[PDB]
Amino acid sequence: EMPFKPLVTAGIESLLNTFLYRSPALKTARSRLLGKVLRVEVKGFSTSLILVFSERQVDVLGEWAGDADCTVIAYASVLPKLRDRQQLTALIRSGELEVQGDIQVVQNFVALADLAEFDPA
Amino acid sequence: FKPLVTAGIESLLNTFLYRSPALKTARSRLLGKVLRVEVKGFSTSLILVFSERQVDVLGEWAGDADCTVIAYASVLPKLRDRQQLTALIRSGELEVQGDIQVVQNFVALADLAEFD
Ligand SMILES: [Ca+2]
Ligand SMILES: [Ca+2]
Ligand SMILES: [Ca+2]
Ligand SMILES: [Ca+2]
Ligand SMILES: [Ca+2]
Ligand SMILES: [Ca+2]
Ligand SMILES: [Ca+2]
């Protein structure tokens, strides 16, 4: 029997790495996140998601004893809305997404996801 | 993006439910069943097709499901406890269409797959 939570964090990590780190065209967009710790608190879920950005991959953890550079709090249904910085600004303004710490981290993350969709690799 | 998401969900479900040979008789209750999962707020459906070897997940399905479940994402981790599924249906947190036995068997299997 494999516990559920580590399987979920491993799955998210695999998805993020294939989507964001596989293409070398995105290197300059990923550089903006190097060394950043982004904590994601999904409302209604009892656990946190912590994304640690390095040069060759992002690591996803279910716990983090240290400091996060940016912390985002939102319901899961906000994720398909994070299409670009415009939508991100509207979500912050409406209170659908709450940001603590460095707002630039989540702006750079959303910008990277936007470019990852643009880039056909 | 959709085939990457479904492949990830398929891998998660198979490692969680299909890895242990001890669960074979519990999985047999779902053989040939199709379970559609509509996560509220998301534009796409998740379709789970149960076979003896594995569960297959698809993002698109030209067909009917034996059972369809509709809920917000936060209700999804509450689906590994068979005794609370009735409470979720009663509270309206989980809406069920079609054959209720399919989701009951799925939750019973998910409960047996995990130490509390
Ligand atoms: Ca890792
Ligand atoms: Ca501190
Ligand atoms: Ca830091
Ligand atoms: Ca976009
Ligand atoms: Ca791409
Ligand atoms: Ca049966
Ligand atoms: Ca259990």
# chains A, B, ... in the order shown; residues from 1 in each chain; ligands from 1
call {"tool": "interface_residues", "arguments": {"of": "chain A", "to": "chain B", "cutoff": "6 Å", "atoms": "only C-alpha atoms", "output": "PyMOL selection string"}}
result
chain A and resi 11+44-45+77
call {"tool": "write_last_selection", "arguments": {"atoms": "C-alpha atoms", "output": "PDB file, in the first residue's frame"}}
result
ATOM      1  CA  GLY A  11       2.325  13.289  -9.990  1.00  0.00           C
ATOM      2  CA  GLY A  44     -10.597  22.965   1.208  1.00  0.00           C
ATOM      3  CA  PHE A  45      -7.489  20.725   1.252  1.00  0.00           C
ATOM      4  CA  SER A  77     -11.038  26.084  -9.641  1.00  0.00           C
TER       5      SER A  77
END
call {"tool": "select_by_dssp", "arguments": {"residues": "chain A", "states": "strand (DSSP E or B)", "output": "ChimeraX atom specification"}}
result
/A:37-42,48-53,58-61,70-74,97-101
call {"tool": "closest_residue", "arguments": {"among": "B:48, B:58, B:79, B:100", "to": "residue B:33", "atoms": "only C-alpha atoms"}}
result
B:48
call {"tool": "closest_residue", "arguments": {"among": "B:84, B:51, B:105, B:14", "to": "ligand 6", "atoms": "only C-alpha atoms and all ligand atoms"}}
result
B:105
call {"tool": "atom_distance", "arguments": {"atom1": "atom CA of residue A:109", "atom2": "atom CA of residue A:38"}}
result
9.2 Å
call {"tool": "closest_residue", "arguments": {"among": "A:1, A:103, A:19, A:9", "to": "residue A:117", "atoms": "only C-alpha atoms"}}
result
A:19
call {"tool": "select_by_dssp", "arguments": {"residues": "chain A", "states": "alpha helix (DSSP H)", "output": "ChimeraX atom specification"}}
result
/A:4-16,27-31,85-94,103-118
call {"tool": "atom_distance", "arguments": {"atom1": "atom CA of residue B:59", "atom2": "atom CA of residue B:44"}}
result
6.6 Å
call {"tool": "atom_distance", "arguments": {"atom1": "atom CA of residue A:5", "atom2": "atom CA of residue A:46"}}
result
10.7 Å
call {"tool": "residues_near_ligand", "arguments": {"ligand": "ligand 2", "cutoff": "9 Å", "atoms": "only C-alpha atoms and all ligand atoms", "output": "number ranges by chain"}}
result
A: 65-68
call {"tool": "residues_near_ligand", "arguments": {"ligand": "ligand 5", "cutoff": "10 Å", "atoms": "only C-alpha atoms and all ligand atoms", "output": "list in words"}}
result
residues 18, 19, 20, 21, 22, 23, 25, 26, 113, 114, 115, 116, 117, 118, 119, 120 and 121 of chain A; 1 of chain B
call {"tool": "write_last_selection", "arguments": {"atoms": "C-alpha atoms", "output": "PDB file, in the first residue's frame"}}
result
ATOM      1  CA  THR A  18       7.143  17.799 -18.514  1.00  0.00           C
ATOM      2  CA  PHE A  19       5.096  20.991 -19.101  1.00  0.00           C
ATOM      3  CA  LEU A  20       7.630  23.648 -17.965  1.00  0.00           C
ATOM      4  CA  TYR A  21      11.161  22.162 -18.018  1.00  0.00           C
ATOM      5  CA  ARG A  22      11.227  19.882 -21.089  1.00  0.00           C
ATOM      6  CA  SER A  23      11.630  22.708 -23.659  1.00  0.00           C
ATOM      7  CA  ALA A  25      13.164  27.512 -25.542  1.00  0.00           C
ATOM      8  CA  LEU A  26      11.729  28.466 -22.073  1.00  0.00           C
ATOM      9  CA  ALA A 113       2.970  28.753 -17.913  1.00  0.00           C
ATOM     10  CA  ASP A 114       1.652  31.216 -20.590  1.00  0.00           C
ATOM     11  CA  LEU A 115       4.925  30.866 -22.583  1.00  0.00           C
ATOM     12  CA  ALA A 116       4.886  27.049 -22.086  1.00  0.00           C
ATOM     13  CA  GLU A 117       1.519  26.958 -23.890  1.00  0.00           C
ATOM     14  CA  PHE A 118       2.857  29.323 -26.649  1.00  0.00           C
ATOM     15  CA  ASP A 119       5.923  27.152 -27.244  1.00  0.00           C
ATOM     16  CA  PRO A 120       4.739  23.994 -29.175  1.00  0.00           C
ATOM     17  CA  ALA A 121       7.563  21.776 -27.734  1.00  0.00           C
TER      18      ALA A 121
ATOM     19  CA  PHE B   1      -1.799  19.665 -21.700  1.00  0.00           C
TER      20      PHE B   1
END
call {"tool": "closest_residue", "arguments": {"among": "B:37, B:85, B:104, B:94", "to": "ligand 6", "atoms": "only C-alpha atoms and all ligand atoms"}}
result
B:104
call {"tool": "residues_near_ligand", "arguments": {"ligand": "ligand 1", "cutoff": "10 Å", "atoms": "only C-alpha atoms and all ligand atoms", "output": "list in words"}}
result
residues 9, 10, 11, 12, 13, 14, 17, 51, 52, 57, 58, 59, 60 and 61 of chain A
